[PDB]
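Chemist: Need the 3D shape of this:
(2 chains, ligands or ions: 1)
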Amino acid sequence: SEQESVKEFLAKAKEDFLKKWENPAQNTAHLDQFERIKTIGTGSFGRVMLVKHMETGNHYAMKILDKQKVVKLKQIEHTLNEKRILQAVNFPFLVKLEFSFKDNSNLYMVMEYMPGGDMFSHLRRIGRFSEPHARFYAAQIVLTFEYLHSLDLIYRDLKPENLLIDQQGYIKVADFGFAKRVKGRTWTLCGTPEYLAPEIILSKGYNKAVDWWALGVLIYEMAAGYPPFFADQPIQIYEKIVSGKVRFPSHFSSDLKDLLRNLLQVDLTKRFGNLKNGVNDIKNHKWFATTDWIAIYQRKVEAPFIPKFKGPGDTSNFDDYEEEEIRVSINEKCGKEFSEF
Amino acid sequence: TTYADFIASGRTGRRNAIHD
Ligand SMILES: C[C@@H](N)[C@H]1CC[C@H](C(=O)Nc2ccncc2)CC1
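Modeler: Numbering: from 1, shown residues only, chains lettered A, B, ... in the order given. Structure data below:
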């Protein structure tokens, strides 16, 4: 069976993950091994910089978290989740963590650098993706969620902003700031407004089904050019999501609509991904009938879009940000809170 | 159109995550 080769794949993958989960990599480099080049991302949850490792010459993306800002934002345990999970995982469509370390002031996570930029920037520019184009990316997500959920991981922030395009035109999921290893239900309110399942909004206690709901949002946005539930302010977006009504553009194929009605399904006993058949309800769906799941895993499918290669440290696919100092205090901040990082 | 309403809205740039 294809379901049995697959079960075998996941068994090996889990034994691999647990070994790193139970004994995490720690303190594997130092800031002064990296030359800083450019801020390619900034936000509430730290910034991301292009750097260059001197000993190898390799370019990398370095996420910096101010430990004091993390404590004030009450993201201590999420930050610890993020690093422990990213260091343990291993899958083609997950951005790979090369190093992590910390100093008196900061936490650092050095990832492989994707010069091609995020899906977001290309989706906005082009307007929308063709169904075949959107399906190609959706398949990568479907498989990644298959892998994550098999490890008891929920991702909780699927959106085009968190998806990077590599040099073969395949995607990498980045930012694990709200990922959590949980076997039961959980209750934290987190995610991005447009992508939130109704059960998060209504404060109910949820599981990995929220990840499949967010898949439906993503595929919709990719093929429509805009998301299924938008407005100018979050509370208005929440009223739309909980209403149970969604409108599709007249260009959506009738298979795409039917897939999306089962992903953006309020009723958890009916939502694709959450039922007795699990991820095969998605994988065997007619919209995906031309998808060869193994060749997508193997990166043998021809990509609809390969971004323009401008050098290994080129930054033209990212916007410009105001550059700040990386200041390292002479006193240790929050030693105890982050000891396991 | 729906696309035109989207493109005139304030939420066409990169969206931030929320938290309680
Ligand atoms: C919007 C946020 N949730 C977050 C999305 C991912 C981004 C990043 O890691 N970019 C990146 C990583 C590796 N290589 C190139 C870019 C940082 C900002």
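Chemist: The nearest residue to residue A:34 once chain neighbours are set aside: helix or strand, and which one exactly?
Modeler: In space, and not counting its chain neighbours, residue A:34 is closest to residue A:51: 4.0 Å by CB to CB, 6 or more residues apart in numbering or on different chains. (Each C-beta comes from the backbone N, C-alpha and C, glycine too.) Taking DSSP states H and E as the definition, residue A:51 sits inside strand A:46-53.
Chemist: hmm, the very next helix or strand once past that strand touching the ligand?
Modeler: The first helix or strand that comes after strand A:46-53 along the chain, using DSSP H and E, is strand A:59-66. Yes: residues of strand A:59-66 contacting the ligand under CB under 6 Å from any ligand atom: residue A:61.
Chemist: mind listing the strands for chain A?
Modeler: A:34-43, A:46-53, A:59-66, A:97-102, A:106-112, A:153-154, A:163-165, A:171-173, A:180-181, A:190-191 (DSSP state E).
Chemist: ah, wrong one, I meant chain B
Modeler: B:18-19.
Chemist: which residues does the residue of chain B found nearest chain A contact?
Modeler: Closest to chain A within chain B is residue B:6: 3.8 Å, counting by CB to the nearest CB. Taking CB atoms under 8 Å, 6 or more residues apart in numbering or on different chains, we find residue B:6 in contact with A:225-226, A:230, B:12.
Chemist: Quick one: buried ones out of these?
Modeler: Among the contacts of residue B:6, those scoring as buried are A:225-226, A:230 (criterion: 16 or more other CB atoms under 10 Å in any protein chain shown).
Chemist: Go through those residues and name the one nearest residue A:297.
Modeler: residue A:225 (28.0 Å; CB to CB).
Chemist: Excluding residues flanking it in the chain, which one is nearest the closest one?
Modeler: Residue A:225 sits nearest to residue A:128 (CB to CB, 6+ apart), 3.3 Å away.
Chemist: I'd guessed the one you found sits against residue A:222; true?
Modeler: Yes: in this structure, residue A:128 is within contact of residue A:222 by CB atoms under 8 Å, at 7.2 Å.
Chemist: Please identify which residue in chain A comes closest to chain B.
Modeler: For chain A, CB to the nearest CB, closest residue to chain B: residue A:226, 3.8 Å.
Chemist: OK, now which residue of chain B is nearest to the ligand?
Modeler: Nearest residue of chain B to the ligand: residue B:14, at 5.9 Å (CB to the nearest ligand atom).
Chemist: just the stretch 1-150 of chain A next, same as before
Modeler: For the stretch 1-150 of chain A, CB to the nearest ligand atom, closest residue to the ligand: residue A:61, 3.3 Å.
Chemist: where's that residue relative to residue A:69, distance?
Modeler: According to CB to CB, to the nearest Å, residue A:61 and residue A:69 sit 19 Å apart.
Chemist: who's in contact with the residue nearest to residue A:225?
Modeler: A:222-225.
Chemist: From residue A:103, how far off is the nearest residue to residue A:37 once chain neighbours are set aside?
Modeler: Nearest residue to residue A:37, sequence neighbours excluded (CB to CB, 6+ apart): residue A:50, at 4.3 Å. For residue A:50, the distance to residue A:103 (CB to CB) stands at 19 Å.
Chemist: of these two, who's got more company?
Modeler: residue A:50 (22 against 16; other CB atoms under 10 Å in any protein chain shown).
Chemist: Is the ligand within reach of stretch A:24-43?
Modeler: Yes: residues of stretch A:24-43 contacting the ligand under CB under 6 Å from any ligand atom: A:40-41, A:43.
Chemist: Next, the residue most central in space within chain B: phi, psi?
Modeler: Centroid check for chain B by CA atoms, centre = their mean gives residue B:11 as the closest residue, at 1.9 Å. Backbone dihedrals for residue B:11, given as degrees, to the nearest 10, come out at phi -120, psi 50.
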